[PDB]
Structure formats: C-alpha cells, structure tokens
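# Examining the three-dimensional arrangement
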2 protein chains.
Amino acid sequence: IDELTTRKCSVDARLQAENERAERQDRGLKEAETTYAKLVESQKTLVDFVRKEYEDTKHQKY
Amino acid sequence: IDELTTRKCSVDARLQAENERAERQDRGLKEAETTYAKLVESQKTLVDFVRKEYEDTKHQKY
C-alpha cells in the first residue's frame, strides 16, 4: 500500500499538475486562437484595403 | 489502490480469526498441561500406594 502510495502520490501530483498543464495549454491556445483570429480579420481587411488603394491607383492610371 | 486495500483489510480480518485460534490452543494448552501435572503426580502417588498395598498384603500374612 505504501509502495503503491508512492505511485499514488506520484500519479496524483503529476496529474493535478497535468490539469495545470491542461489549463496552461488552454490559455496557450486562447492567445493563439485569438491572435490567429486577430490576424485573419486584420490580414483579410488590410489586403483588401491595399486592393482598395490598388484599385484607385489603377483607376487613376487606367 | 482499491484492490490492494481490500486485500489488506480481508487478511487483517482473517488474521484476527487465526489469532483467536492459537489463543484457544494456548488457553487450552495451559489448562491441559497443568491438569496432566496433577494426574502424573497422582499417578505416582497411586502406584506408590499400590507399592505399599503389595507390602500391606504380605504384612498381614506375616
């Protein structure tokens, strides 16, 4: 029981920290998902913003 | 953990059953060992009386 308690204490400590790892991963993607979401909205809008400038630049010269 | 704990509890309960079994043997032994001491002392006493009885039988003859 004590020998398995050492396994029990080890597995409990690592999993209770693994739950911390799991939530640390959750906050890890939270920024990653947000930043990717922040980029894709910014990426698409700024590209067409350039096209908008590009269109008028083409319009003025063509 | 749970499978090994109930193994510990079961053997502890069974050991208590084994504990009294030797206690019954011990308490019975003490009564039996002491009782035979009186019997063998009486056994030697009676054969001593028989030894005296053999002397007594021929003493009346004399």
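What comes next is a walk through the structure. (Residues numbered from 1 in each chain as written, not as in the entry; some residues may be left out. Chains lettered and ligands numbered in written order. Part of a larger assembly, values for the part shown. Heavy atoms only, no water.)

Attention now goes to the pattern of salt bridges. Residue and element names in this part refer to chain B. The final tally for this structure, using the stated rule, is seven salt bridges over all chains. Residues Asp56 and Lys52 are paired through a salt bridge, measuring 2.9 Å at the closest nitrogen-oxygen approach. Here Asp56 and its partner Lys52 are both found in helix α1 (residues 2–61), four residues apart, which amounts to about one turn of the helix. Overall, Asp56 belongs to the partly exposed group, its relative accessible area being 27%. (Salt bridge = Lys/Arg side-chain N within 4 Å of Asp/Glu carboxyl O. Helix = DSSP H or I, 4+ residues; strand = E, 2+ residues; numbered from the N terminus. Buried < 20%, exposed > 50% of the residue type's maximum accessible area, 1.4 Å probe, protein only.)

Side chains of A:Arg7, A:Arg14, A:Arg21 and A:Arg24 sit close together on the surface and give a patch of like positive charge. Of note, A:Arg7 is situated in helix α1 (residues 2–61). (Patch = residues over 30% accessible without salt bridge, like charges linked within 9 Å, V, L, I, M, F, W, Y side chains within 5 Å. Areas by Shrake-Rupley, 256 points an atom, 1.4 Å probe, with all protein chains shown as cover. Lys, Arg positive; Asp, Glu negative; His and termini not counted. Charge placed at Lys NZ, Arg CZ, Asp CG, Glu CD.)

Turning our eyes to something else, we now look at the state of the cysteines. All chains considered together, the criterion is met by zero disulfides over all chains. We note that A:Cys9 lacks a disulfide partner, and the nearest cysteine sulfur, in B:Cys9, lies 18 Å from it. Accessibility expressed as a relative area gives 46% for A:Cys9, which makes it partly exposed. (Disulfide = S-S within 2.5 Å.)

On the surface, a nonpolar cluster with roughly 290 Å² of combined accessible area is contributed by B:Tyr36, B:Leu39 and B:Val40. Position of B:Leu39 relative to the elements: it lies in helix α1.

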